[PDB]
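In: Any chance you can model this:
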Amino acid sequence: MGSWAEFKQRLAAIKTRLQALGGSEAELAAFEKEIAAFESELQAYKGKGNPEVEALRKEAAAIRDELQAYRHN
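Out: Numbering: from 1, shown residues only. See below for the structure:
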């Protein structure tokens, strides 16, 4: 419902910022602070969407490692 509506706008917000990474240190630095709130909120974003947001647990995973290189790309 409206819950997954805002979560979709966030995944797209990281697609543009990480598109540069020329600044990196000041760009994907806040990124790490994001994926962190993606787990604690994944359960508190609604009654308890475990399977629903579950798919977002596999995609957000690759969003962390690939972000380790942008730190200095």
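In: Point me to the residue sitting closest to the centre of the chain.
Out: The residue lying closest to the centre of the chain (C-alpha atoms, centre = their mean) is residue 35, at 4.5 Å.
In: Specify the residue positioned farthest from the middle of this protein.
Out: In terms of distance from the mean C-alpha position of the chain, residue 47 ranks first, at 20.5 Å (C-alpha atoms, centre = their mean).
In: Can you tell me the SS state at that one?
Out: The three-state label given to residue 47 by DSSP: H, G, I helix; E, B strand; the rest coil is coil.
In: and the gap between residue 6 and residue 53?
Out: 12 Å (C-beta to C-beta, to the nearest Å). Every C-beta, even on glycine, is put in place using the N, C-alpha and C of the backbone.
In: Looking at those two, which has the bigger crowd around it?
Out: Taking neighbours as other C-beta atoms under 10 Å, residue 6 and residue 53 compare with residue 53 leading, 20 against 9.
In: what kind of secondary structure is that one in?
Out: Three-state call for residue 53 (three-state DSSP): coil.
In: dump the residue contacts of it.
Out: 4, 7, 42, 45 (C-beta atoms under 8 Å, 6 or more residues apart in numbering).
In: 7 Å - rerun?
Out: Neighbouring residues of residue 53 by C-beta atoms under 7 Å, 6 or more residues apart in numbering: 7, 42, 45.
In: Now do the helix or strand that contains the second one: everything it contacts.
Out: The one in question is residue 42. Per DSSP states H and E: residue 42 is located in helix 28-44. Helix 28-44 has contacts (C-beta under 7 Å, 6+ apart) with 14, 18, 21, 53, 56-57, 60, 63-64, 67, 70-71.
In: Buried among these? Make that a ChimeraX selection.
Out: Selecting just the buried residues from the contacts of helix 28-44 in ChimeraX takes one command, with 16 or more other C-beta atoms under 10 Å as the test:
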select :14,18,21,53,56,60,63,67,70
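In: Mind checking which of the contacts of helix 28-44 land in helices?
Out: Among the contacts of helix 28-44, the residues falling in helices (DSSP state H) are 14, 18, 56-57, 60, 63-64, 67, 70.
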